[PDB]
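The sequence lines fix the lettering, A, B, ..., with proteins before strands; numbering per chain opens at 1.
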Amino acid sequence: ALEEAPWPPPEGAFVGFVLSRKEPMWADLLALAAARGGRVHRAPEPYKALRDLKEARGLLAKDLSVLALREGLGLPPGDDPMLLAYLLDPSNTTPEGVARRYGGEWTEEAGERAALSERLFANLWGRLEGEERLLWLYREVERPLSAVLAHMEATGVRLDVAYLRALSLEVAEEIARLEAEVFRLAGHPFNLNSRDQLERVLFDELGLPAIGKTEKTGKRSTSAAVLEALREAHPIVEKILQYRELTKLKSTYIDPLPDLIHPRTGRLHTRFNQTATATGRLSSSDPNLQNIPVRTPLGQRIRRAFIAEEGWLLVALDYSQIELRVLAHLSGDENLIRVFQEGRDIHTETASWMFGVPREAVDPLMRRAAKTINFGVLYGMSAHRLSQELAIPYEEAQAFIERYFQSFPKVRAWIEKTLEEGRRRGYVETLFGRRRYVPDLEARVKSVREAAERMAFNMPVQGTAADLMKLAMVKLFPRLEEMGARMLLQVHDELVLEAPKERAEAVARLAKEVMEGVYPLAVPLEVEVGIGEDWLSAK
DNA sequence: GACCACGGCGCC
DNA sequence: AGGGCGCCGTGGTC
Ligand SMILES: Nc1ccn([C@H]2CC[C@@H](COP(=O)(O)OP(=O)(O)OP(=O)(O)O)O2)c(=O)n1
Ligand SMILES: [Mg+2]
Ligand SMILES: [Mg+2]
């Protein structure tokens, strides 16, 4: 079936390529091929051959299209079997597996990659026949979103490198005072970054009670959660918690980011993986910029490093209580839909409760703390953890949970139907019909089954919120382009854009609107917008 | 070097 | 008897 034709391929051919590395913005185009009909074209000079393509269709299209943009070519990504398969089963996340599961082997030869894309797409397209909903999501959301993600990856984000460079030396000194004291307290040095070594010290040398064990190995845990419980037992516990904060921030953001600045751009270029999560959410790789610090003071100092190009502004937009809103529409609960119809904020109300202060006294970080209480309790958190979290009597934690769901009656009924259907159907789905398979919903082991159940009914909520953000990006991108503004990052229910100073407001105004009206629900979708020279200030 | 499991933890 | 991610060291491989 496979013949070999001279490079020049016919329009609509399936691309096949090989990079020196995973990152499109950093990689070297080692090989470029194409497959169409029954023939296969191997470009003798890849980079140069890229100028020939009208579009990138095939496994990981967006990736070669990011390279193209990096090279000055506006090569947009088109059909990509990974998206088709990802939609059929979100557990389809790598070419390797999609190929073994659908008709081929993922190799290192571009030509074979081009052939495989063609045949893989044929199979998978057949599979989508009759799946009007998956076809809708593919054609109306994913395929076009892939293009958006490529421009985003190619564009990147500006970072105050000199700023992080000095920040390092500074905390490096604070980490020394903390480890120097932790060692004194223990009465001798040891690797503080070694959970095993600290375990021995905390539980064997000192006489601290072991409050928990680790999952796969069963070792006594030394988690922040355990350390919190032990904070009052020994002076060495607080010192260790602070050390862990600093070292985590410094080793994960403070030190690595400046070293990832691209030479040709001077900006940071993260990957936005389109087929990596079970719920339909994107993910950020290599630099993972979807988890930049924001909670603690040093975390905030780190976020400030993310800045706009001079004369530009960072416009940050974030849907409000997004998953509580999605849930009011999915559940159809009147109490909850009214909550939003009345402009109430459950994070503020829960935070007002937690800290026992009027609503107007709740500050940003206090409200943020409530988020983990609201989403945790919604998604199955237990009274024990709740109490052990809010540091309240187990009984008072039970009451908060009891009342939480009593206040929103239709939610449990919805969670119930979602699970039932998941058991029968074999999968759960989002508002737009994105599916996630949860076979374990019928496991005999209560442990496994109940855990499956929790991931099961979370998917529709989490996934619908993602479908929504993805639609908004697809809708918003063309207008920003028309406005000379750029889309830099997506943080699940937040978008970080960059717009010319003289246009920053019109852009914030527009994006906010596109986002809020993406797909009308039983509840309004509110978006808080912020503008500033840096990410922290934007929010 | 490269890469793995595991614990641990940053954000959503 | 919260869900979804990816990255960083520590140990231990190859
Ligand atoms: N602990 C968390 C935090 C967030 N999320 C999910 C649900 C909300 C979504 C986006 O997170 P945020 O923007 O931090 O939350 P939000 O509830 O939309 O609230 P707001 O933007 O009003 O602070 O991610 C979650 O499952 N668990
Ligand atoms: Mg939000
Ligand atoms: Mg957010």
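- Looking at A:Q462, its side chain comes within 3.5 Å of the base of C:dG3 through a donor and an acceptor atom.
- The salt bridge (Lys or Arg N to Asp or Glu O under 4.0 Å) pairs that include a residue from residues 464-474 of chain A are A:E142-A:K470, A:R434-A:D467, where partners are two or more places apart or lie in different chains.
- Within 4.0 Å of A:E215, counting heavy atoms only, lie sugar-phosphate atoms of the nucleic acid but no base atom.
- A salt bridge links A:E494 to A:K539: at least one charged side-chain nitrogen sits closer than 4.0 Å to a carboxylate oxygen.
- In this structure, OH of A:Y253 is placed 3 Å from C1' of B:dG10, rounded to the nearest angstrom.
- With hydrogens and angles ignored, no donor-acceptor pair under 3.5 angstrom links the side chain of A:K216 to the base of B:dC6.
- At whole-Å resolution of the value, CG in A:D286 and P in C:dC5 are 17 Å apart.
- The interatomic distance linking A:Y243 (OH) with C:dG9 (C1') rounds to 9 Å, in whole Å.
- A:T372 comes within contact range of at least one nucleobase, with a heavy-atom separation under 4.0 Å.
- The phosphate of C:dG4 (OP1 or OP2) has no side-chain N or O of A:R281 nearer than 4.0 angstrom.
- Among pairs with a residue in residues 251-262 of chain A, those fulfilling salt bridge (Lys or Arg N to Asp or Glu O under 4.0 Å) read A:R165-A:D259, A:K250-A:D255, at least two apart in sequence or across chains.
- Residues passing the salt bridge (charged side-chain N to carboxylate O under 4.0 Å, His left out) test with A:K22, sequence neighbours excluded: none.
- For the pair A:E453 CD and C:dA1 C1', the interatomic distance rounds to 11 Å; values are reported in whole Å.
- With sequence neighbours left out, A:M455 forms a side-chain contact (heavy atoms from CB on, under 4.5 Å) with A:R436.
- Under the side-chain contact (heavy atoms from CB on, under 4.5 Å) criterion, A:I261 pairs with A:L159, A:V161, A:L268, not counting sequence neighbours.
- Counting any heavy atom pair closer than 4.0 Å across all strands shown, A:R436 reaches sugar-phosphate atoms only and no base atom.
- Nucleotide B:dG10 holds its P atom 16 Å from the CG atom of A:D255, rounded to whole Å.
- When heavy atoms are screened at a 4.0 angstrom cut-off, A:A466 is found touching no nucleic acid atom at all.
- A:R271 has its CZ atom 17 Å from the P atom of C:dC5, to the nearest Å.
- Spacing between atom CH2 of A:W535 and atom P of B:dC11 amounts to 11 Å, rounded to whole angstrom units.
- Taking 4.0 angstrom as the limit, A:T252 places none of its side-chain polar atoms (N or O) nearer than this to OP1 or OP2 of B:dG10.
- Between A:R295 and the phosphate of B:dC11, there is a side-chain N or O to OP1/OP2 separation shorter than 4.0 Å.
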Enumerate all atom pairs, one protein N or O and one N or O from nucleotides 11-14 of chain C, separated by less than 3.5 Å.
residue: C:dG11; atom: OP1; partner: A:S194; partner atom: OG; Å: 2.4
residue: C:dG11; atom: OP1; partner: A:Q197; partner atom: NE2; Å: 2.7

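- Between A:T222 and B:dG8 there is a side-chain polar atom (N or O) within less than 4.0 angstrom of OP1 or OP2.
- Between A:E179 and A:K239, none of the side-chain N atoms (NZ, or NE/NH1/NH2) sits under 4.0 Å from a carboxylate O, so this pair counts as no salt bridge.
- Atom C1' of nucleotide B:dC11 and atom CG of A:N291 are separated by 5 Å, given to the nearest angstrom.
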